Amino acid sequence: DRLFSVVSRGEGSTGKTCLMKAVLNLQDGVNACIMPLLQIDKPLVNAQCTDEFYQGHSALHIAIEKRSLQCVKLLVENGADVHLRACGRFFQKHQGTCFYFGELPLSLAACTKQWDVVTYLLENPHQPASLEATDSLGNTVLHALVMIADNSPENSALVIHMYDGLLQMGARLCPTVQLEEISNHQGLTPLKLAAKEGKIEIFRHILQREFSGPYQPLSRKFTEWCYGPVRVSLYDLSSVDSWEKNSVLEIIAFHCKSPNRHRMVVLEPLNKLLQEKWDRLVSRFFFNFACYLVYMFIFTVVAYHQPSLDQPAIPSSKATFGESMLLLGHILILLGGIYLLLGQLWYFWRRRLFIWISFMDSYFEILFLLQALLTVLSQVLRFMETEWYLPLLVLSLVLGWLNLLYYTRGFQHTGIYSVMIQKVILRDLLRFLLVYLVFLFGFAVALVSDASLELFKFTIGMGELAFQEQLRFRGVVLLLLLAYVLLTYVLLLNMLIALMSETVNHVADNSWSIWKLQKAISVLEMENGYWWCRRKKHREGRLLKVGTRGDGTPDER
Amino acid sequence: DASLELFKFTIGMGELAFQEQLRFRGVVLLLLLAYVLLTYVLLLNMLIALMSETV
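Residues numbered from 1 in each chain as written, not as in the entry; some residues may be left out. Chains lettered and ligands numbered in written order. Part of a larger assembly, values for the part shown. Heavy atoms only, no water. Residues with missing side-chain atoms left out of burial classes, pairs and counts.

- As deposited, the entry is annotated with cryo-EM as its determination method and 3.6 Å as its resolution.

1. Some remarks on the overall build of chain A
Next up, step 1: A tally of helices and strands in chain A yields 22 helices and three strands.
Next up, step 2: Taking 24 Å as the expected radius of gyration for a compact globule of 557 residues, we find that chain A reaches 34 Å, considerably beyond that expectation.
Next up, step 3: Taken along its principal axes, the extent of the C-alpha atoms in chain A is 105 × 70 × 55 Å. (Helix = DSSP H or I, 4+ residues; strand = E, 2+ residues; numbered from the N terminus. Rg over C-alpha atoms; globule rule 2.2 N^0.38 Å.)

2. Some words on the overall build of chain B
Next up, step 1: A tally of regular secondary structure across chain B gives two helices and zero strands.
Next up, step 2: A compact globule built from 55 residues should have a C-alpha radius of gyration of about 10 Å, whereas chain B, at 15 Å, is more than 25% larger.
Next up, step 3: Principal-axis analysis of the C-alpha atoms places the extent of chain B at approximately 50 × 25 × 15 Å.

3. Observations concerning the interface of chain B and chain A
Next up, step 1: Taken together, the 15 residues of chain B in the interface contact 17 residues of chain A.
Next up, step 2: Of the residues contributing to the side of chain B that touches chain A, the split by class is 10 nonpolar, three polar and two charged. (Contact = heavy atoms within 4.5 Å. Nonpolar A, V, L, I, M, F, W, Y, C, P; charged D, E, K, R; others polar.)

4. Topic: the packing of helix α14 (residues 286–304) of chain A against helix α15 (residues 321–351) of chain A
Residues and elements named next belong to chain A.
Next up, step 1: Contact pair α14 / α15: the axes reach a minimum separation of 9 Å and the direction vectors enclose 135 degrees. The angle between α14 and α15 places the two elements in the oblique class. Considering the relative orientation of α14 and α15, their crossing is left-handed. Contact residues: α14 offers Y292, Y295, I298, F299, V301 and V302, while α15 offers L326, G329, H330, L332, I333, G336, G337 and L340. (Axes fitted to C-alpha atoms, helices over the stretch in contact; angles between N-to-C directions. Parallel < 35°, antiparallel > 145°, perpendicular 65-115°, else oblique. Left-handed = near helix turned anticlockwise from the far one by under 90°.)

5. A short note on the pattern of salt bridges
All names here are of chain A.
Next up, step 1: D236 is the partner of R220 in a salt bridge, and the nearest nitrogen-oxygen pair spans 3.1 Å. Of this pair, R220 sits in the loop between α11 (200–207) and β1 (221–223) while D236 is found in the loop between β2 (231–235) and α12 (250–253), placing the two residues 16 residues apart along the sequence.
Next up, step 2: The salt bridge involving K277 is made with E527; its shortest N-O contact spans 3.2 Å. (Salt bridge = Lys/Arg side-chain N within 4 Å of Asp/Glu carboxyl O.)

6. Examining the packing of helix α18 (residues 414–427) of chain A against helix α22 (residues 507–529) of chain A
All names here are of chain A.
Next up, step 1: It is the contact of α18 with α22, at a shortest axis distance of 9 Å, that shows an interaxial angle of 105 degrees. By the angle class used here, α18 and α22 are roughly perpendicular. Counted together, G415, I416, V419, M420, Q422 and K423 of α18 and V507, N510, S511, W512, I514, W515 and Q518 of α22 form the full contact between these two elements.
Next up, step 2: Of the residues in the contact of α18 with α22, the class split is seven nonpolar, five polar and one charged.

7. Thoughts on the packing of aromatic side chains
Next up, step 1: Judged by centre distance (5.8 Å) and plane angle (55 degrees), the ring pair of A:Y406 and A:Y407 falls under tilted.
Next up, step 2: Centre to centre, the rings of A:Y530 and A:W532 are 5.2 Å apart; their planes meet at 40 degrees, and the pair counts as tilted.
Next up, step 3: An aromatic cluster of at least three residues, connected via ring pairs, comprises A:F285, A:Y292, A:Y295, A:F364, A:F368, A:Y406 and A:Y407.
Next up, step 4: Taking NZ or CZ as reference, B:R23 lies 5.9 Å from the ring centre of B:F24, over its face. (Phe/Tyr/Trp six-rings, centres within 6.5 Å; stacked < 30°, edge-to-face > 60°. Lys NZ or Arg CZ within 6 Å of the ring centre and 35° of its normal.)

8. Overview of the sheet that holds strand β3 (residues 544–546) of chain A
By definition, the strands of a sheet pair up through backbone hydrogen bonds, in either a parallel or an antiparallel sense.
All names here are of chain A.
Next up, step 1: Taken together, the three strands give an open sheet; going across it, the order is β1-β2-β3, and neighbouring strands pair in antiparallel fashion. The open sheet has two edge strands, β1 and β3, and neither has a second partner. Between one strand and the next, the sheet's axes are offset by a mean angle of 40 degrees, whatever the strand orientation.
Next up, step 2: Across three bridges, β1 lies against β2 in antiparallel orientation. By the bridge assignment, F222 is partnered in β2 with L234. (Pairing = 2+ DSSP bridges.)

9. Here's the deal with unusual backbone geometry
Residue and element names in this part refer to chain A.
Next up, step 1: A cis amide bond links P214 with the next residue in sequence, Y215, at an omega value of -5 degrees.
Next up, step 2: Residue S317 is joined to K318 through a cis peptide bond whose omega torsion reads 0 degrees.
Next up, step 3: The phi dihedral of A313 falls on the positive side, at around 55 degrees, and the residue is not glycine.
Next up, step 4: Counting through the fold element by element, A313 comes out in the loop between α14 and α15.
Next up, step 5: If you check the backbone angles, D555 has positive phi at about 55 degrees while not being a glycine.
Next up, step 6: Residue placement: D555 occurs in the segment after β3.

10. Examining the pairing of β2(A)
Next up, step 1: With three bridges joining them, β2(A) and β3(A) adopt antiparallel strand pairing. The residue bridging A:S233 from the neighbouring strand is A:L544, located in β3(A).

11. Describing the environment of A:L353
Next up, step 1: Relative to the assigned elements, A:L353 resides in the loop between α15 and α16 (363–383).
Next up, step 2: Aside from chain neighbours lying at most four places away, what touches A:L353 is A:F254, A:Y347, A:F348 and A:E365.

12. Structural notes on the environment of A:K457
Next up, step 1: Secondary-structure assignment places A:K457 in the loop between α20 (451–456) and α21 (479–503).
Next up, step 2: Put simply, A:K457 and A:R549 are 92 residues apart on the chain and 66 Å apart in space, counted from C-alpha to C-alpha.
Next up, step 3: Setting aside its immediate chain neighbours within four residues, A:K457 contacts B:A17 and B:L33.

13. Some words on the side chain of A:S130
Residues and elements named next belong to chain A.
Next up, step 1: In this fold, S130 is placed in the loop between α7 (115–121) and α8 (141–147).
Next up, step 2: Of note is the side chain of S130, whose polar atom sits 3.3 Å from the side chain of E132.
Next up, step 3: A distance of 3.2 Å separates a polar side-chain atom of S130 from the backbone nitrogen of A133.
Next up, step 4: Other than its neighbours up to four places away in sequence, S130 contacts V82 and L106. (Polar contact = N/O pair within 3.5 Å; in protein donor to acceptor, adjacent residues only side chain to side chain.)

14. Re the side chain of A:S219
Residue and element names in this part refer to chain A.
Next up, step 1: Within the secondary structure, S219 is located in the loop between α11 and β1.
Next up, step 2: Engagement of the side chain of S219 in a polar contact is seen with the backbone oxygen of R209, the distance being 3.2 Å.
Next up, step 3: Other than its neighbours up to four places away in sequence, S219 contacts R209, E210 and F211.

Next up, the structure:
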C-alpha cells in the first residue's frame with residue numbers, strides 16, 4: 001500500500017493514519033508531512049486509535065513516548081487536546097499490561113520525568129493542561145504517579161522528584177486548587193489511595209511534605225519551636241481524623257491486596273500517634289481482660305461444680321448459697337455470651353469478611369465462630385433435655401481457655417512473643433498437623449490392619465503394648481514399620497527445626513512490625529467495636545520533642 | 001491421690017489410661033492431647049526461641 005510505505009519512507013482497524021504511522025516511526029525525530037494532514041483534516045491530531053488495544057490513543061502520546069521535542073512542538077500547532085482519555089486494552093483492565101501509563105498526555109508526560117513537555121504542555125496557547133483531569137476510574141494524575149511506584153528506590157526517586165516538581169509547578173502555574181483532595185471513583189484521596197495500595201514512600205512523602213516558598217497550606221511536617229539539639233515536629237494529622245471517608249488502617253486492614261502491609265506501621269505518625277493513643281486510653285483494656293478472666297472463672301465454676309446426676313437443669317442441690325452462685329453464674333455466663341455474640345454478629349454485618357473461598361484469612365474467627373456455634377448448640381441442646389450438652393460445654397470451655405491467649409497483645413516482652421507464637425500459628429503448625437494427621441491416619445490404619453482409641457493412646461510416644469499375637473510374625477513388618485516411625489520421627493523433628501529455619505529467620509523485625517500493627521489495629525478497633533462516643537478528633541497539632549542533635553544550619557523561614 | 005497422682009502422671013511418663021467407660025474419652029482427649037501437643041511444641045518453641053532471645 002502507498003499509505004504505510006509512504007509513512008515508512010517519506011489503517012482503519014487501528015485508526016492508523018499516515019500521520020499516525022508517521023509518528024509510529026520517529027526517523028531522526030522529524031515529521032514534515034503535518035501540513036497536508038492540516039490540509040485534509042484538530043480531529044486528526046487528537047484522533048483515536050480504533051483498535052481495542054489503543055482505544056482513544058493519539059500521536060501526541062507517542063510524541064511524549066519518543067522523548068523528543070520536534071514532535072511535541074509540531075503536533076501542537078494544529079490544536080492538540082490535553083484532556084483526552086486513551087482507555088483501551090493496552091491499558092488499565094488486566095495485570096501484565098502497560099496498566100495506567102496515564103491515558104492522558106499530561107499524566108504520561110509526567111510519568112517518565114519529561115519536564116520539557118510537562119512544562120511545554122503547560123505553556124501551549126491551544127489548551128492548557130487540566131491538572132485536575134481524571135479518567136473513568138477516577139484516577140487523576142496523582143493516582144497515575146502513585147500507581148506507577150514500585151519497590152525500587154530509583155523509581156521512587158524519579159517519581160518523588162518529578163512528583164515534588166509537579167507540586168512546584170502546581171504551586172506556580174495553577175495554584176489554589178487542592179489536587180490532593182481529589183479522589184478516585186472509589187472515593188479515596190491519593191493519601192487514602194497511596195496508603196490503600198501500600199506505597200509507604202509516597203504516603204510518607206505526603207507526611208514528610210514541606211514546601212519551601214509561599215505559602216503555608218502546602219507543608220505537612222511543621223516545626224514551631226526551633227532549637228539546636230532539639231527538634232519540635234508538628235503535624236496536621238489528617239489520617240485518623242478522617243471520620244468521613246475512612247480510617248487509614250481500615251484501608252490497610254483490608255485492601256486486601258497488600259505487598260508490604262506489615263512494615264508500614266513503624267513509620268512515624270502511625271507509630272507514635274497510635275502509641276500516644278495507646279497510653280492515653282487503649283491500655284485500659286485490662287478491665288475487659290480481667291473481666292473475661294473472671295468470665296472464664298464463672299464458666300469454670302459452673303461446669304466444674306456440675307452436680308453428678310442424670311437430670312439436666314436441676315434445682316438447687318443443695319439449698320445453699322453456692323448453688324445460687326451456680327445458677328447465678330449460669331444466667332450470668334450466657335448473659336455475657338449474648339454480649340460477645342452480638343459483638344461478633346455486628347462484626348459480621350459491619351465488617352463483611354472472610355467468605356470466599358479457599359485460604360482462610362484470620363484463624364481467630366474460625367475458632368470464635370466454631371465456639372459460638374457449638375455453645376449455642378450447647379444452649380439449645382440444653383433446652384432439648386439431653387446429656388450431650390456437657391462435652392460441648394467442655395469444648396467451649398477449653399476453646400475459651402485458648403481464647404484467653406488472644407488478649408496477650410502488648411507490653412514490650414509478652415506481646416511480641418505473642419507475635420512470635422501468633423506468627424507460628426500463621427505459618428508452621430498447619431502443615432505439621434496436616435502431615436502429622438496423615439501419618440497418624442496411616443499409623444492407626446496400620447495397627448488395626450477399644451482398638452482404635454487404644455491405638456490413639458498407644459502413641460504420644462508412650463507405648464508399651466507389645467503384641468502377644470504369636471500368629472502374625474512381628475519381626476520384619478514392625479522392623480521396617482518402626483523404621484518408618486524413625487522416618488516420621490526425624491522427619492517431623494526435621495520439620496520442626498527446618499520449620500524454625502523457615503519462619504524464625506524472617507520474623508526478627510516483622511515481630512517489631514506486625515506487633516505494633518496488631519495493637520494498632522486494636523487501637524482503631526476498640527474505637528470501633530465499642531460503639532458509642534467521642535474519640536479525640538482534633539487536628540490542631542501533635543507535640544513531639546525530638547531530641548536529635550542538630551548542630552548545622554536550620555535557617556527556617 | 002487424684003491430685004498428686006495427676007502430678008505424677010506427667011513429667012511425660014503417663015501410662016494411666018482411664019478405665020472409666022462412662023465419660024467418653026475420645027474427642028475430649030483428642031483435642032486435649034492435641035492441646036498437650038500445643039503446649040509441647042509451644043514450650044519447646046519457648047525454649048528454643050528463648051535461646052534466640054537470650055543467647
